[PDB]
Each structure stands twice: as C-alpha cells, then as structure tokens.
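Asks: Sharing a structure, written as structure tokens. Questions coming.
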Amino acid sequence: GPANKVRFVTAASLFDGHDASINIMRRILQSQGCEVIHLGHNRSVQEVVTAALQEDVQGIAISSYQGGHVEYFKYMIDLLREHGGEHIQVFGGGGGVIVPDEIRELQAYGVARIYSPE
Amino acid sequence: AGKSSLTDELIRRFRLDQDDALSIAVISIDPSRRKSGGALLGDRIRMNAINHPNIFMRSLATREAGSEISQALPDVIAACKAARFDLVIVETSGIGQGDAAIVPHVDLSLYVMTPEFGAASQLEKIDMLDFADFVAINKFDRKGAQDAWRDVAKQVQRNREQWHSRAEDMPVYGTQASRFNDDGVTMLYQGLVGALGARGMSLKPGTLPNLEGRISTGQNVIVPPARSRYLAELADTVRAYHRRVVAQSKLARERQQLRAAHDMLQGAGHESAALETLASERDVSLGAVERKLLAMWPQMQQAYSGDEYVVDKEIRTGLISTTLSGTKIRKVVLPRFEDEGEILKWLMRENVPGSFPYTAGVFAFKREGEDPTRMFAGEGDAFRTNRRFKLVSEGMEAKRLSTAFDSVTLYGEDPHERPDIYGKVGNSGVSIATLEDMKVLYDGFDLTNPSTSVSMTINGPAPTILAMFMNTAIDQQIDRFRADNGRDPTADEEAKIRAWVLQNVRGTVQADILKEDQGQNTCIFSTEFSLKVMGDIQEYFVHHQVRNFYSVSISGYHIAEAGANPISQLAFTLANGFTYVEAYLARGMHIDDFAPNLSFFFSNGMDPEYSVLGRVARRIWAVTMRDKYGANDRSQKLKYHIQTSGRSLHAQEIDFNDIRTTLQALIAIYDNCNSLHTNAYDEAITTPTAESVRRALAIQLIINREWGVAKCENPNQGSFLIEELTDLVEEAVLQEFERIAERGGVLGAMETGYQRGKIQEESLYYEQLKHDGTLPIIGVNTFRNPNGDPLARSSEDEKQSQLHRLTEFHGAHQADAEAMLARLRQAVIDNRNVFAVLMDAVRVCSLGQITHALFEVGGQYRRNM
Amino acid sequence: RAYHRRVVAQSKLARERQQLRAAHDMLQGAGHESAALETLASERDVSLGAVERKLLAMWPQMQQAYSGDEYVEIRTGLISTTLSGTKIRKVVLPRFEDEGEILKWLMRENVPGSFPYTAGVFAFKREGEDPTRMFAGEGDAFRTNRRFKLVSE
Amino acid sequence: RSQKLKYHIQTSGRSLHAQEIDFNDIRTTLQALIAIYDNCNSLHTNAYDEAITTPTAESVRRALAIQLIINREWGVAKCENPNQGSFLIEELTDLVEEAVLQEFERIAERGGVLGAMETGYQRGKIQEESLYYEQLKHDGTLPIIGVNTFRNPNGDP
Ligand SMILES: CCCC(=O)SCCNC(=O)CCNC(=O)[C@H](O)C(C)(C)COP(=O)(O)OP(=O)(O)OC[C@H]1O[C@@H](n2cnc3c(N)ncnc32)[C@H](O)[C@@H]1OP(=O)(O)O
C-alpha cells in the first residue's frame, strides 16, 4: 500500500456550485487511505492554497464545471510557487469542460494532471 | 454536536471583540477509520472565521483506534505555543462517555453536547462533566433544551460539590451556533475570556456587548416553533374545503331532488307536503355563500350568453370571436349541468376565470392588448447594457427592462485583478459594483415614470442591489429638480421628493433565497440571515408606503432544472412561498400588505402534471389565503410566470426542440398563465441568435393569434382528465406539504438537506430511465440521427473600466468608508434594520465592501456536508 | 336530429326517475312515507327505452372496469405511471352524480369503442402501430423502395 | 363494424408558407396534436419546407419527429380521451355537427351531391370561401405570423 500518510485538499472552484462530483472523489480518496481536508464548493484559489499550505498536503483536487478553469489553475500554480508549495501537486477533473489543448497547456504550466473524460 | 460550528463562531467572537488583534492557532482532530486507513478531516469546511492572516488551522486524524486525539498532539501544541500565538484552540473527535483525553493537554476544557443525552442518570456516567471548565449545550433550539440545561447544570454543581452556589451560576451555557450573532454563544465567549484572562492572557476591553445569562434567547428565529407545522395546517385547510364541497354538494342535490319530486306530485294530483318539509331543512343546511352561488348561477349564465359582458359607469367586453367558417367561439364556456349538485360542485372547485377559487385564472378575461415584450439586456459593463436597453426600447411607451448580472455581482463581490475573479467580470451579465455603475445602467430611463418598470434577477446580494436601485431612482428626481428649478432642493424639498420616489417607483427584484440552497447551491449568506434582511426590506416598504415595487419572486425553475419532477417543483415552491408568508407574519405584518406582491415562477416540461400545474397552484393559494390567513381577493390571486423547460431541450437534434417548446407553451397558455417565456431551439448549444429568438417568439405569436382553440380562454375546464389530474396533483402537493411540516417546516427540512436530497434523487431517476431507454427521448435515446452522432462576451477595456471606476469610487469615499461599514455591522449586532443602513451604505461603499462586512459580522453562508 | 331529441327526452326521464326514488328514500329516513312517489317512478321505468335502461344499468359496472390497472380471458393495461408517480388513466370516466347527465353522456359521447364512438371507434389505442403513415414516392420503383425502408426504419 | 368511421388526417399544406418556413413546424405540431388527441386512425405530418420542394431527407425527419414526440414524450397524450368532458369540446362538437347537417340539407335540396355538382354548387362554395380567406389574409384581418405580420426585417426573400 501507500508508504506515507497522504493528505489531500479537495474543493470546487470559485462560484462553482456543482460539488456533486468532488464529493465522490473525496470518498474514493478516503477509502484508499488518504486524509482528506474537504473544503466544499465555491472556493477561491487564495482559500484553497492557504488551506493546502497550512495543512501541508501532498495534493490538491479541484473540480471546475463553470468554466474559467485555465485562469483558475494558472493562478493556483502561481500562488503555490510564490508561497512555498510548489511540491504540492494540483489535479483537475472538471468533467469535459476542458478540451485537450487546455489540458496540455495547464499540464505544461505546472498542473500535475488534468484527467480527460477519455 | 456542532464542535466545529461552535468553534468557528467562538473564533468570530474573538475577532469581533478584539478587532482581529489576536493570533489564534486551531488544531483540529477527527477520527480516522481503521478499516480504510483514511480520514475525513471535515472540520475546516465549517470554518468561516479563519480566513485571516492572524488565524492558523491544522487538521489532524486521530491515527489511533480507541483515542479521540492524535498521539502527537503535545508536540503539535508546543509548536504553536512556540510560534508566539496568543491562544491555541484544540478540538477532538466524537467523545463517548468515559472518554476524556483532552483534559491533561490543555489549560481549559469545553464539553460540547446536545439536548439529547438520554435519561438524566446518563450525566452521572459522563467523565467529561467532571473535568470540563465549561459546558456548552449546543443546538439549544432543539426540543427539551431547557430541561437539558437544568439537568446538566445540576450535575456539574453536584460534581463540583458546590451546594453553596446557584445552579444557574454553573459554567453551563445554552448555545446555538447555527444562528448568526447568537447571544448564547456570546455568553459562553464572555465566560471563556474571563477564564483565559485570569489565566495569564492580555486582552483589550471588549467591544462585544457584555451579555449576562447562560442560555440563548433564541433570538432571530425566522419562523417561530409554534408555527412549525404551518405547511401541514395548510394541507388540512385545503382538504377541509373539499370535504365541505362534497357535503354542500349533496345538500344542494337533495334540495333540488325534493322540490323536483314535489312539483311532479302536484301535476299528478295526489300531493304530499312532507317533501317540502325536508327541502326546507336543506335550505338552512346549505351555507350562506353556497346558497348565493346557486342563486347567481342562472344570472351568471345570461352574462356569458351574450356577445358582450355588460358589467353608473359601464364597461362592455367582447365574449365571442367569430371564426372563418362563421362559428362563434365563446371566450368562456359554461357547463350545461342540470344537476344543482354538479353546478355547486363546479362553482366551488373550478369557478369561471376571475372568481374564487380562481382555478381557471385570476382574471375574468385575457388582456386583448399585445403581450408585454420583455426586453432583457445584460452583458459587459453598465454602459453597454444601458445602450442595449435603449436600442431595444426604441420608440416604445412600455419601458419594461429585465437586467441580468455577471457572476461576480451575483455573488456580491467587486471586480478584481485576481485571476479567479477577473475572467468572470462582465461575462454573462452586467457588472455592477458601485452605486455609480447602477446609475449608468439606468441612465435616460425614468425609474419613477408610471410606464417604466425594472426587473432584475439577483438573490444573495439582493438587499444591497435594491438599495442601489432605490438610491438611483431617488437621485434621478433630485437631478430633475436641480434641472427644472436651477437650484438644489432644500432639506424639506429633498425629503418630500425622496419620500415620493419610494412610493411611486415600479420594479421587481427576482429574489428567492429558499430556492438558492434547495436547488441551486449558490448561497453567499446563511439562509437565516438572508430571511432576516428580507424581512427588514419588507418592513421598510411598509414604513414608506412602497406599494409599486416587488421584493420577492418565488421561483421553482432552478429546482426543476436540477431534476425535480413537476410535483416536487410545485410543492417545494408553494412551500417556500408559504414560508415567506409565515416569516412576514411573525414579524407582525398584515397579510393583505405583502401577499398581493408575491410573484411566482414555474418550469413547464413534458410530464402530464405540468398541464394542470398553474391551476393547482392557484386553488391551493386561493383557498388557504382565504381560509387559513383570511386575506382579501387581491391576495388570494396567485400570479405566476411559466418558462418552458431547458431540461427537455437537447443538443442532439436541436430542430426537435421547437416541437417540445410549442407543446409546453400551449398548455401554459391554455391554463391561463400570467407570463410566458419561450426558449430558443439552440439554447442547449450556443448563445440565442437574433433568428433563434424569433422562432421562440413565434411560438407564442402563432398560438395566441393563429391557433383556433386558443380563441377560447378556458378550454381546459370540463375535461375529465384535467379535473382528475388537478385533484391528483393537488393532493400529492398536500402530502408533500405534510412531509416538510414534520421536518420542522421548510427551514427545518433545509437543515437536513431534505429538498436538495429529494431533488438529487428524482434527477438520477430521470437519468436512469433516460439512459435505460425506458423514458424515450426522440433524437436522443431513440430515433437517433443516422448521418452522424453530432466566446469572450466582455471586452478587455470593459474589465479595465470596471476596475478603474471601482478604485475611483473607493478613493472618493475613503473617509466615510470604514465608518459606514462599522455602522452596518453594529446594525446586525443590535438586531436593527439592515436594509435601512444599506440605503445609506451604498453611497459610500462598494458591493464587495458591503458583502464582506456582513461576512465579518457573521451573516456568511456556512458550507455543510 | 331525431337521435338528439331522444337524448334530451330520455335524459329528462332518467333524471326524474332518479329524483323521485331519491326523495322517496329521504322520506323513509324521516318517518312518514308517501308511496305515491314510487308510483310516478314506476311510470318512468317503462318510459325509458330498452337500450337506454341497459346503459344506466351497466354504468356502475362500467366504472369498475376502467377503475383498475387492467381491463379484465384477455387483459389490457389501463394506467401509465408518470415520472412523478402519478397514475394517468388511459380512459377517464365522468364523475356525474346525476343519472340524467350519465345517460346524456353515454348517448352523445360514450367511451372509446362504444356507440356512438364519438371518442373513437376502438376501445384503446394500439401498442403495435402508431397512427403514423408518411407520404412517399420519388423516381422509379427502386428509389422509392429505399425511401419506404428509410421511413419504416 | 359499419358504424365505425375510420379516417386519416393529414396536416394542412394551405397553412404552410414559403415566408418563414421554420415557423411551419409550429403549425404542423399543433395540428398533429389535436389529430392525435381526437383519436385519429392515421396521421401524416408535413415537412417544414412543403411550400418550396418535396420533403427532403432531413426535413422528413422533423416531420416524423412531431408524431414521435407527441406519442412518446408528451404527457397529456398518455391519456387517450383528453378531449372528453371539455365544455369547449362538447359545445364545438354540437355546433360543427349541426352546421354539417344544415349543409347536408342545402345539398339535398339541390338534387343530392350529384345534382349539386350539376350546378357547380360545391366548386362554387369552395371558390367563395377561398377568396374570403384571401380577402382577410391579404388585408391583415386574419393574422398569419411571418406572412402578414411579424415579417422578418433581415430576410428579404
Ligand atoms: C396532395 C395529396 C395528398 C394525399 O392524397 S395523402 C393520402 C394517403 N392515405 C393515407 O395516408 C391513409 C390511408 N388509409 C388508411 O391507412 C386506412 O384506411 C385507415 C383506416 C386510416 C387505417 O387503417 P389501419 O391503420 O391499417 O388499421 P384499421 O383501421 O384498418 O384496422 C385494422 C385491424 O386491426 C385491428 N386493430 C387495429 N387497431 C386496433 C385498435 N386500436 N384496437 C382494436 N383493434 C385494432 C382491428 O381488427 C382492425 O380490423 P377491424 O376493425 O376488426 O375490422
């Protein structure tokens, strides 16, 4: 199994009410032996990052179904590097709102992975 | 028991009391499940008052089988203590009875419990009641909380052997963290401070009102617990009305049968006046109103018989539209029942349009005039939307504007450089941040003009936006006075103008808080707080005779889009509507003052129940408003807007959508709706084109003008299917009323997430059948196309404009900014009228500033799971 | 027109027959009895036609048929349950208490599949075939044969 | 078996116009609905471009979808006698029936159908009612959406 105790911060992006999917991901994470600090929905980058930094997690899972995801993750990647959290891995799963050209872009920016519906 | 909830509120008290001077570290512990190995550290999600540099929180899993704390707690604490914090708050997981591991690692201990602890003897088993420096009986709004306080306070007195003290003096507090600015929590806080203070802690003299006492006064409850079962009471009210209909009908039937048989004896010779004796008994048995109904029936028939509706000033109205064939189509077709039992039954259950219970409509006849062209505009900044408004409303006398705000404004925030906000500004709605932006939005338009009404859909920040709109309408007349006279109005002249504006201003805020949490999940303020301010607005309207503006539009559209079936949508929406009624009543307001200003909003789908939705909504309202609340005719008339279902509009084969939108528009018009919106066929893919919006508008024009059956205004009435479906749907709604009532009313059900739960259920049941092929959708899961399976909206300059106009506004009111914001908070603490302050606040504060101020005082929506 | 004039006449006869026997039962519940009412009602029994009398006779039995979830030999579904849980009856019968209205309705607009077949010539709509029949025809026999298969795909 | 009149209803092509052909599906829907409501034995639905050409491949699907949507998706159609009971339906049924009977009489006093055809009574009455329709359509008395009202500013042809 896992070597260390893996901590996560999960949340839905800003103004994104749809947390139906992110509440499923935090259950699978939990069942696989992860300590999940769930933040719920409507979370700004400044919030999520502050949570991740204080909790000192290994990973961040953000769902975005309202669009504006590119600028959002870029902000988070930037803000994480600035305040000593570049080794924290950011993950994306906004269903299919993110097209391949945007997945490739964000992953190149600093985002760990963005999972395509494929 | 509300561990995290109470903790968050306590931190907020620290921040408010010491003006954010204290550096507080929060160490949370939750149990880790031994099977999974994982843990749900779900304490941070409840924390609203930790978003500040002086606050630090680290969530921990117990990482131990039979422990309520982490085995590494003392080191973690020591680290925080060394980090030069002012106070370290540690919380454990769910305690048993014998568990009390927090006691040695902390200086002060606070046991938190609920009024449900079992028999009083159970308190003699709880080890923590023997060590706790403070005990907080949270959720003090539950049943048996008062007795729970007595029992616990006595037990702590007994444990401490302080029989020389009063039980009411024990450190046992009755708190209710769920409610904003709870005095109970403050009372607990006052105690904690004195204890911490004596135990070596520097604290400034408190700014919080030093409240004495031990229990929460249960202040700021919206719907009083005495009125908890209001929805059930309404269900009984309607059912009682129907049982009367059955009884009175039988009486009317027998009365007619007797006098009929009596006349047949006199024609045959031999007579028996014992028949008349029985008939005379029926005359008194029949009610006063029931008797007058049958009395006016022959006269009623003669009225609708002619070609004109003759009703010492007269008003004639056309009753007949002659067809192309020469056939006369009556607008309202009356039944041809010979049985007086049926006549009475029909007059009580489904009277003609414009008569109680207004089942077939609230008005006598449909308006012959052209439909009120709703001119909705909203995109970019205030300048662009104002242009859009003026371009559509060119040359028309009916200035009927409908405003849409961008997501930034919809959440009460100011536009900002921040990437998570900047992108949202201007996109999908107008960006309104300051009162200046609001004035630009409605420039040129005379808001006080009798032929100008302004609709605007805003929910969370509605009271603030309304305050801006009011100040705009007022300043428009202050400007018009300084222009007509050349001199500024005096103190007496201005106040005379200002008061006149408030009365005559027309418009509507499409605000519905109860829809926000139930279907949408879009709340920015706590439901209880919004309702308080909602009442504050309605109270303000009363005081200044604001009789031409509407502050509440009760929607169920978003609920339906979320997956709710027609019965759930109708029932929840009416329930919400009744909640608003109950809320305004508890504030001590008269029913005939706010009931006529209640708009409704439903979604029309393909389901059978949709055909009889409007009529059911009208009868349930009309009956209860007359019987339960005893309101006038103008209040018994439920007026609603129907918008065709977007849930039924698909991206697969979009040309089919007009077929569905037609059928939905038809039953809406058939059932005498008050307002109809028709969706474009490509709303499921792209932005409604100017061509696509014509096809949508043509559906209404074709039905209203070309369609023959629509020439008749009550075509639904009489149908065996309609009357049965009306009865079925009505009953189903009543039963739903009962289920919500036995959950503490609408608000109580929202605590359990009962609405959101049921909606999500019915949504999946739809999806299951849709995917299964069970529920057929043409073009989607059947009759699929063989040939194949298948912007910006805001200028960069516009975004920079809003940013510039904001910082310009902020600098222009830098002096009066903080002073006004503090005044606003104090009005919430002192439980004053919030909207009253907003009327002054919006002139020196921005939307974001006001919203975040109300966040600080505690009105912010707390997430849950 | 003659059929209609009979509907009016027979309806009044059915109405009076019910009114008399109704008033007659209400006297027996009060105490004093007048059998002269029954004498008038008995005259209505003969006045009502043979087919008209059988119509009202089968009406309560007719209501029980369309009341269930099946139309019971062979059986047929009567109810389609909605997405909300509401039961939609295929054929909805009137709820008239007046036997004058019942007879009037049974003669002028009986249920689908019964004389005068106003609401349809069949009892229930057929599951197999929709009323759908689309107009086709283009070019030679070979091309239309392909269009026929396309429509009935 | 003989008292049962079985009929086929086809939607009106007279009501389908070349001006704004996208509107025709709206009209063809409403006509299909009452046909299905009133328990017709057979239904043909016209394509939205009926006034221009013979139904194309895509346009015959939109026509066929009108029937499929009403029969499968439409809720009120789940009930097979929704017309019955309606005060409007029963009155209109009575009115139309009587009007037909009176027309029966006018033809009878012309020597029956054949005798009336000698005078060209049918062809005459038809041509009359046709012009009365055109006299009102052209005038604006009888509104036709997209044709004599709500005309498209952008669409010249
Ligand atoms: C500009 C040019 C325009 C033009 O000229 S377009 C003209 C093209 N013609 C058409 O579109 C329609 C043609 N006519 C027909 O299809 C038929 O005459 C008709 C009557 C409308 C339909 O016939 P069908 O659909 O085949 O069914 P049917 O009435 O003949 O009866 C068939 C037998 O099957 C049974 N059946 C069918 N449906 C039933 C039901 N719902 N309940 C109980 N039994 C049922 C039944 O046995 C029936 O026979 P029977 O009634 O016992 O004698």
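Top to bottom, those sequences are chains P, B, D and R. Residues are numbered in the entry's author numbering as their position in the first sequence, beginning at 1, plus a constant of 21. Letter by letter, the second sequence follows residues 220 to 530, 534 to 1012, 1019 to 1093 of the entry's author numbering. Letter by letter, the third sequence follows residues 458 to 529, 536 to 616 of the entry's author numbering. Residues are numbered in the entry's author numbering as their position in the fourth sequence, beginning at 1, plus a constant of 855. Note that beta-carbon positions come from the ideal geometry of N, C-alpha and C, so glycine has one too.
1. Give me the subset of the stretch 906-922 of chain R whose CB atoms are less than 9 Å from a CB atom of chain A, sorted by chain position.
2. Name the residue from B:427, B:1039, B:800 whose alpha carbon lies nearest to the alpha carbon of residue 1057 of chain B.
3. Verify the contact flag: residue 1051 of chain R, CB atom, against every heavy atom of ligand 1, threshold strictly below 6 Å.
4. Alpha carbon to alpha carbon, how far is residue 357 of chain B from residue 62 of chain P?
5. When you check each C-beta in the stretch 78-93 of chain P against every C-beta of chain B, which residues fall closer than 7 Å?
6. Pick from B:889, B:579, B:877, B:840: whose alpha carbon is nearest that of residue 829 of chain B?
7. Identify which residue in B:735, B:784, B:511 has its Cα closest to the Cα of residue 741 of chain B.
8. Do you know whose CA, among B:223, B:502, B:836, lies nearest residue 246 of chain B's CA?
9. State yes or no: is the C-beta of residue 28 of chain P within less than 7 Å of the C-beta of residue 78 of chain P?
10. Once you ignore the five residues that flank residue 857 of chain B on each side, which residues in its own chain have a CB closer than 7 Å to its CB?
11. Could you work out which residue in P:35, P:25, P:129, P:72 is closest to residue 81 of chain P when comparing CA atoms only?
12. Put residue 612 of chain D into one of helix, strand or coil per three-state DSSP.
13. Determine which residues share a DSSP beta bridge with residue 619 of chain B and list them.
14. Tell me the rounded alpha-carbon separation between residue 687 of chain B and residue 236 of chain B.
15. Between residue 830 of chain B and chain D, is any beta-carbon pair separated by less than 7 Å?
16. Determine the chain B residues that contact residue 128 of chain P at a beta-carbon separation under 8 Å, and present them in chain order.
17. Restricting to runs no shorter than 3 residues, where is the beta strand (DSSP E) found entirely within the stretch 563-610 of chain B?
18. Residue 489 of chain D and residue 493 of chain B: beta carbons closer than 7 Å?
19. If you follow the alpha helix (DSSP H) that residue 1025 of chain B is part of, which residue opens it and which one closes it?
20. Along the chain, which unbroken stretches of the beta strand (DSSP E) at least 3 residues long are found entirely within the stretch 221-288 of chain B?
21. Counting only runs of 4+ residues fully inside the stretch 910-953 of chain B, write out the alpha helix (DSSP H) ranges in chain order.
22. Within 10 Å of its beta-carbon, does residue 524 of chain D have 16 or more other beta-carbons around it, so buried, or fewer, so exposed?
23. Is DSSP giving residue 626 of chain B helix, strand or coil here?
24. With distance defined between alpha-carbon atoms, name the residue in D:554, D:569, D:607, D:499 nearest to residue 942 of chain B.
25. For residue 380 of chain B, count neighbouring C-beta atoms within 10 Å of its own C-beta (all shown protein chains included) and say buried if the count is 16 or more, exposed if not.
26. Helix, strand or coil: how does DSSP classify residue 461 of chain D here?
27. Find the nearest neighbour of residue 786 of chain B within the set B:691, B:655, B:978, judged by alpha-carbon distance.
28. Suppose the cutoff is 6 Å on Cβ atoms and the five residues either side in sequence are ignored; what does the same chain contact list for residue 729 of chain B look like?
29. I want to verify the contact list: residues of chain D whose CB lies under 8 Å from the CB of residue 891 of chain R, in sequence order.
30. For residue 878 of chain R, go through chain B and note every residue whose CB falls closer than 8 Å to its CB, in chain order.
31. State the start and end residues of the unbroken alpha helix (DSSP H) segment that holds residue 56 of chain P.
32. Closer than 8 Å, Cβ to any Cβ of chain B: which residues of the stretch 923-944 of chain R, in chain order?
33. Thinking residue 513 of chain B and residue 471 of chain B are a contact (beta carbons under 8 Å), I'd like their distance in whole angstroms, please.
34. Measure the alpha-carbon distance for residue 885 of chain R versus residue 634 of chain B and round it to whole angstroms.
35. Any heavy atom of ligand 1 inside 6 Å of the beta-carbon of residue 543 of chain D?
36. Report whether the distance from the Cβ of residue 833 of chain B to the nearest heavy atom of ligand 1 is below 6 Å.
Replies: Per the coordinate set shown:
1. Note that chain A does not occur in the displayed structure, where the protein chains are P, B, D and R.
2. Stepping through the second sequence from its first residue, residue 1057 of chain B is reached at position 829. Here the closest residue by C-alpha is B:427.
3. Because residue 1051 of chain R is not part of the residues shown, which for chain R are 856 to 1012, the question remains open.
4. For this step, residue 357 of chain B is matched to residue 138 along the second sequence. For this step, residue 62 of chain P is matched to residue 41 along the first sequence. Their Cα atoms are separated by approximately 26 Å.
5. 89, 92, 93
6. For this step, residue 829 of chain B is matched to residue 607 along the second sequence. Selected option, being the one with the closest Cα: B:889.
7. Stepping through the second sequence from its first residue, residue 741 of chain B is reached at position 519. Of B:735, B:784, B:511, the residue nearest in Cα terms is B:784.
8. Here the question's residue 246 of chain B lines up with position 27 in the second sequence. For residue 246 of chain B, the nearest C-alpha among the options comes from B:223.
9. What you label residue 28 of chain P is simply residue 7 of the first sequence in a count that begins at 1. What you label residue 78 of chain P is simply residue 57 of the first sequence in a count that begins at 1. Yes, they are a contact pair.
10. One-based indexing of the second sequence puts residue 857 of chain B at position 635. The residues are 813, 814, 817, 818, 847.
11. Numbered from its first residue, the first sequence carries residue 81 of chain P at position 60. The candidate whose alpha carbon is nearest that of residue 81 of chain P is P:72.
12. Along the third sequence, read from residue 1 onward, the residue named residue 612 of chain D stands at position 149. Reduced to three states, the DSSP call for residue 612 of chain D is helix.
13. Taking the second sequence and counting its residues from 1, one reaches residue 619 of chain B at position 397. The partner list for residue 619 of chain B (beta bridge, DSSP) is empty, contrary to what the question assumes.
14. Sequence index remark: in the second sequence, residue 687 of chain B carries index 465 (1-based). Sequence index remark: in the second sequence, residue 236 of chain B carries index 17 (1-based). The straight-line gap from Cα to Cα measures roughly 30 Å.
15. Indexing the second sequence from 1 puts residue 830 of chain B at position 608. Judged by the 7 Å Cβ criterion, residue 830 of chain B is in contact with chain D.
16. For the purposes of this step, residue 128 of chain P is taken as the residue at position 107 of the first sequence. What residue 128 of chain P touches in chain B: nothing, since even the nearest Cβ is about 18 Å away.
17. 597-599
18. Counted from its first residue, the third sequence places residue 489 of chain D at position 32. Counted from its first residue, the second sequence places residue 493 of chain B at position 274. Contact: yes.
19. As a position in the second sequence, residue 1025 of chain B is number 797, starting the count at 1. 1024-1040 is the span of the alpha helix (DSSP H), which, as asked, contains residue 1025 of chain B.
20. 243-249, 274-280
21. 914-923
22. Within the third sequence, numbered from 1, the residue matching residue 524 of chain D stands at position 67. Exposed, since its Cβ has fewer than 16 Cβ neighbours within 10 Å.
23. In the second sequence, counting from the first residue as 1, residue 626 of chain B sits at position 404. In the structure shown, residue 626 of chain B sits in a strand (DSSP, three-state: E or B).
24. For the purposes of this step, residue 942 of chain B is identified with residue 720 of the second sequence, where counting begins at 1. Ranking the options by Cα distance to residue 942 of chain B, first place goes to D:554.
25. The count along the second sequence starts at 1 and reaches residue 380 of chain B at position 161. Exposed.
26. What you label residue 461 of chain D is simply residue 4 of the third sequence in a count that begins at 1. Of the three classes helix, strand and coil, the one that applies to residue 461 of chain D here is helix, per DSSP.
27. Translated into positions along the second sequence, residue 786 of chain B becomes position 564. The candidate whose alpha carbon is nearest that of residue 786 of chain B is B:978.
28. Residue 729 of chain B sits at position 507 when you count from the first residue of the second sequence. So the list reads 675, 676, 771, once near-sequence residues are dropped.
29. Counting from one through the fourth sequence, the residue named residue 891 of chain R turns up at place 36. Ordered by position in chain D, the residues that pass the 8 Å Cβ test against residue 891 of chain R are 594.
30. To locate residue 878 of chain R, count along the fourth sequence from 1; it is residue 23. What residue 878 of chain R touches in chain B: 917, 920, 924.
31. As a working mapping, residue 56 of chain P is identified with position 35 in the first sequence. Premise fails: residue 56 of chain P lies in the beta strand (DSSP E), 56-59, not in any alpha helix (DSSP H).
32. 923, 924, 925, 927, 928, 929, 930, 931, 933, 934, 936, 937, 938, 939, 940, 941, 942, 943, 944
33. Stepping through the second sequence from its first residue, residue 513 of chain B is reached at position 294. Stepping through the second sequence from its first residue, residue 471 of chain B is reached at position 252. 6 Å between Cβ atoms; contact.
34. Here residue 885 of chain R is taken as the residue at index 30 of the fourth sequence, counted from 1. Here residue 634 of chain B is taken as the residue at index 412 of the second sequence, counted from 1. The straight-line gap from Cα to Cα measures roughly 45 Å.
35. For this step, residue 543 of chain D is matched to residue 80 along the third sequence. False, no ligand heavy atom lies under 6 Å from that Cβ.
36. As a working note, residue 833 of chain B is residue 611 in the second sequence. Outside the cutoff, so no.
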